[PDB]
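*Asks:* The structure's right below; bear with me while I get my questions together.
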Amino acid sequence: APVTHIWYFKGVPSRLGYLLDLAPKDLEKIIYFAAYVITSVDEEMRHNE
Amino acid sequence: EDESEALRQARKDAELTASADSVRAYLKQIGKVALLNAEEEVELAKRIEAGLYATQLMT
């Protein structure tokens with residue numbers, strides 16, 4: 001299973017958090033299996049339904 | 001005390017914690033399923049027997 005490089009997730013600037021517009025407190029909860037994220041949503045399938 | 005919103009959301013917030021220690025997080029999660037007794041064990045064993053019988057029938 002894929003894993004995240006610590007050099008980029010964890011640091012004084014969280015580079016992964018900067019790119020993805022999140023926070024390290026809102027990334028450790030995910031790449032360490034504490035909370036889910038919504039990978040993608042269906043926009044039209046929700047607009048008509 | 002226990003009712004009137006003092007302890008319920010208290011329990012929900014206490015459970016909903018960062019749990020930095022990995023063993024601590026695993027023990028927190030394992031504290032979610034109640035223990036079982038003999039009748040429950042034999043009932044679930046019957047269910048598994050039915051499931052494997054149905055799998056054999058599918059095969």
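Residues are named by chain letter and number: chains run A, B, ... in the order of the structure tokens, numbers start at 1 in each chain, and ligands are numbered from 1 in the order shown.
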Give me, as a VMD selection string, the residues of chain A touching chain B, with the criterion being at most 9 Å (counting only C-alpha atoms).

*Replies:* chain A and resid 25 29 32 34

*Asks:* Please return, as a VMD selection string, all residues of chain B that DSSP assigns to helix (DSSP H, G or I) on the basis of the backbone.

*Replies:* chain B and resid 8 to 15 22 to 30 38 to 58

*Asks:* Selection from above, C-alpha atoms, as a CSV table (one decimal), in the first residue's frame, can you write it?

*Replies:*
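This is the output file selection_26.csv:
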```
chain,number,residue,atom,x,y,z
B,8,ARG,CA,-22.7,12.2,26.8
B,9,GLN,CA,-20.9,14.7,24.6
B,10,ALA,CA,-18.2,14.5,27.2
B,11,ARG,CA,-17.7,10.8,26.3
B,12,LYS,CA,-18.0,11.6,22.6
B,13,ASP,CA,-15.3,14.3,22.8
B,14,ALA,CA,-13.0,12.2,25.0
B,15,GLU,CA,-13.2,9.3,22.5
B,22,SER,CA,-0.3,4.3,17.9
B,23,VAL,CA,-0.8,1.6,20.6
B,24,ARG,CA,-3.1,4.1,22.4
B,25,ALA,CA,-5.1,4.6,19.2
B,26,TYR,CA,-5.4,0.9,18.6
B,27,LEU,CA,-6.5,0.3,22.2
B,28,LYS,CA,-9.0,3.1,21.8
B,29,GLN,CA,-10.5,1.5,18.7
B,30,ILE,CA,-10.6,-2.0,20.2
B,38,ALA,CA,-21.3,-18.8,24.7
B,39,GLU,CA,-24.7,-18.4,23.1
B,40,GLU,CA,-23.5,-15.6,20.9
B,41,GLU,CA,-20.4,-17.6,19.9
B,42,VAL,CA,-22.5,-20.6,18.9
B,43,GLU,CA,-25.0,-18.4,17.1
B,44,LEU,CA,-22.3,-16.7,15.1
B,45,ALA,CA,-20.7,-20.2,14.5
B,46,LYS,CA,-24.1,-21.3,13.0
B,47,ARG,CA,-24.1,-18.2,10.9
B,48,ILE,CA,-20.6,-18.9,9.6
B,49,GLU,CA,-21.6,-22.5,9.0
B,50,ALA,CA,-24.5,-21.3,6.9
B,51,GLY,CA,-22.2,-18.9,5.0
B,52,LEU,CA,-19.6,-21.5,4.1
B,53,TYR,CA,-22.4,-24.0,3.2
B,54,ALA,CA,-23.8,-21.3,0.8
B,55,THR,CA,-20.4,-20.6,-0.6
B,56,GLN,CA,-20.0,-24.3,-1.3
B,57,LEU,CA,-23.4,-24.4,-2.9
B,58,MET,CA,-22.4,-21.4,-5.0
```

*Asks:* Set the distance at 9 Å and use only C-alpha atoms: which residues neighbour residue 4 in chain A once local chain neighbours fewer than 4 positions away are removed? I'd like the list as a list in words.

*Replies:*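 The residues that qualify are residues 8, 9 and 31 of chain A.
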
*Asks:* May I have the residues from that selection written out with C-alpha atoms, as a PDB file, in the first residue's frame?

*Replies:*
```pdb
ATOM      1  CA  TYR A   8       7.295  16.269   2.784  1.00  0.00           C
ATOM      2  CA  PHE A   9       4.373  15.542   5.111  1.00  0.00           C
ATOM      3  CA  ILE A  31      -2.240   9.149   6.699  1.00  0.00           C
TER       4      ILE A  31
END
```

*Asks:* Give me, as an NGL selection string, all polymer residues having an atom no more than 12 Å from residue 12 in chain A, counting only C-alpha atoms and skipping those fewer than 5 positions away in the same chain.

*Replies:* :A and (6-7 or 17-18 or 23-24)
